[PDB]
Every structure is written in C-alpha cells, then in structure tokens.
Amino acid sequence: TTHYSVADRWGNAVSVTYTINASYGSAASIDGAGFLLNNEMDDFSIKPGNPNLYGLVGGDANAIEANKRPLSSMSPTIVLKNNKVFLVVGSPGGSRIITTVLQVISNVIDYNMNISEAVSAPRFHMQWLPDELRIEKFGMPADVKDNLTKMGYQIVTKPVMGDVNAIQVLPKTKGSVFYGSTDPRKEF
C-alpha cells in the first residue's frame, strides 16, 4: 500500500490510499500490459476464523461473493476545524493503518505536536488477535514498559509501522500556511 495527501490554495483536500495489497501484489503481471495484479482477494475471509496476511479474521460479513468488495483497513482521512481543512492524513500497513492514523491525529490534537513530530513519534499497536502490545524499537522506555507489563500487556518489539504522508493547514491573514511531513519509516 501507499498513501498520498494533497491540499490546494482554495480549500480542497484529497487523501488517497491505494494498493495492490502485498508488496508487488500477487507478483503476477498482465503479459503485454506491463502492470502487476493485486492480491486483494486475501482481504476477504477465505475461511471462517482463518488469519490473513495481517492476522485479521472474519466470518460471514467479509466472506467472498461475486462482485463483492473485500474489507479494507485503509483510512484516508481529513480532519476539519470549523469546516476548514486542518489535517490530511493516511498510511499503508494493513491492520496497522487504523492505529497509525489514530496516533498521528491524537499527537496533533491531544499533544500539540507539529505534523513532523506527530508523524515521527514512535507508534504502538493492539489488534486484539494476536493479544500483544506491538511497539517500535526505542519507542518505549523501561519505566513505561514495566508499568504496562504490570497491567498485563505482552509487549513485543516489531518492525516499524506505517508510512504517513500528512499535511496540516493553518490560517494566516492572507490565505493559509501548509505544513507537510513524509515518514522517516519509508525506507526501512
């Protein structure tokens, strides 16, 4: 997956997440046409309770039917302040998308981070199954780990999560200022 974010001078904003699912999709190209096919069928529940590429499970609601669209986790998002564009945000990461995008938004609104800080900030993740609190390297110091472990979390350090491209828009006297951030995780 990959996410991109656009905001123009007039107040339009477009947040696009799109994908062929896995890296290089199904790995099969259409001969003569030069493009890779998606493996988006794996986003269906192919058997009740069977975990997919992201450890997500399902049953009837996300079962396969002809013409049906497989359930996604993609969360292209726009946040408004007084009905005006404030944030344009999104990310790849399958099951991790929802939690990555949540954290960036919270980092701005709750903690008053600038958009670069909000994106670079270490991320955690809980997706119920597996029953683990996933963290990033150097992302959680001993004191915090110990207190969360004492609560009952099984903390696991795994590869970095997400690749957020985000825009924050703020008013000025004449027009607006646009602040952007790519994600340091992009090349990991």
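Sequential numbering from 1, following the sequence displayed.
- Judged by mean Cα B factor in the deposited record, 50-58 ranks above the other of 50-58 and 64-72.
- As recorded in the PDB entry, 76-84 is the stretch of 89-97 and 76-84 with the greater mean C-alpha temperature factor.
- The entry assigns its greatest Cα B factor, within the set 164, 14, 177, 22, to 177.
- Residue 144: CA B factor in the lowest third of modelled residues in this chain (values from the PDB entry).
- Among all modelled residues in this chain, the alpha-carbon of residue 34 has a temperature factor (C-alpha) in the middle third.
- The PDB entry assigns residue 183 a C-alpha temperature factor belonging to the lowest third of its chain's modelled residues.
- Among the modelled residues of its chain, residue 127 has a C-alpha B-factor that falls in the lowest third according to the deposited record.
- Sorting the modelled residues of the chain by their CA temperature factor places residue 151 in the highest third.
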